[PDB]
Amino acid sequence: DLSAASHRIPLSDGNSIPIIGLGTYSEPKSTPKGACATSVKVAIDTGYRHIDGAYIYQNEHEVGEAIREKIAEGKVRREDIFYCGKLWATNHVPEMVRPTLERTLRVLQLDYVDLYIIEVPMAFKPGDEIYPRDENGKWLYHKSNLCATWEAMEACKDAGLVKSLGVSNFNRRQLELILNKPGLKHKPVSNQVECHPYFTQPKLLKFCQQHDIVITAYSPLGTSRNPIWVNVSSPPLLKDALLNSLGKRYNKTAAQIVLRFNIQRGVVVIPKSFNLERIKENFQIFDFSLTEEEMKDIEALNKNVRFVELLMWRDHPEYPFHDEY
């Protein structure tokens, strides 16, 4: 079915998305300059055809540098590359959407993005600062209006600036808001959420499937486990007994096992790695498959505990993690 040379799955709007991609978030202060660019280039050489980034990751220019260099040398045509960008909370005001996308296009120095998604359903105070916090370190929110922001996203697709529209960190309620929006033009084709064996997203996955929405699993390897923002109550996913046990059976690492798990269930995975060897390791998941019994035992590992809770925003009206799914 899926192979290293062909692993794109269809999107509801007629487009397709490579089932695996390279995540590009990396802690700014502790990341060498050019590391992201080198990684994207290595990923493209390894066979990746999907890159996931965000202006707020502060390396979107490196991502564009790498993509342009690979297109320039003839390694791939623009049409063979799939890039997903995101609209941060401080840019949800309708009039700000298009200018925000245009900036990303200018940073990448490309004509369009394959996918553009609302980064979080929560809106923050519009401005230069991506993390609005007053004197008391308190967070400066902003009234959200997903429907209105979505209409502005639709205009971007109508202008040909982006091929597919989607969302990230949206719960069932927030997804219905768009899906049932009066006079909806473009339905979201993807919802990027935390997904892995410890948080399988069983109910959100089935809901999305009912609406032909494809799920993209961010933090598919369980995150970098940075205590500054990651919930480490759960043990390291890649140290899991079953996952490592299964890895031995197929002579694959636990990481490869968890990635295969999600793609086999139709979930797009975007593992991040700026390490030459691990970039290629994560791509080696088409030369084997898991049995239904193993798939069930892996899914049974779900703990319903998120590595990415973002508790500091649990008070925001659009906080998505309060609801069951």
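The first residue of the sequence shown is number 1, and the count goes up from there. Between two forms, the rigid core is defined as the largest C-alpha subset superposing within 1.5 Å.
The higher RMS C-alpha distance to the shown form in 5 other deposited structures of this protein, out of 225-233 and 73-81, belongs to 225-233, with every structure fitted on the core.
Of the two segments, 158-166 and 199-207, the one listed with the higher mean B-factor is 199-207 (C-alpha atoms only). Of the two segments examined, 245-253 and 128-136, it is 128-136 that shows the higher average Cα temperature factor in the deposited entry. Highest CA B-factor among the listed residues (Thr100, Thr149, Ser219, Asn226): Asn226. Sorting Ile81, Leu115, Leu184, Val107 by the CA temperature factor given in the entry leaves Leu184 at the top. Among all modelled residues in its chain, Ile263 ranks in the middle third by Cα B-factor. Split the chain's modelled residues into thirds by C-alpha temperature factor. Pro28 is in the highest one. In the PDB entry, a CA B factor belonging to the lowest third of its chain's modelled residues is recorded for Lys272.
For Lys41, the recorded CA temperature factor ranks within the middle third of the chain's modelled residues. For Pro317, the recorded CA B-factor ranks within the highest third of the chain. Only modelled residues enter the ranking.
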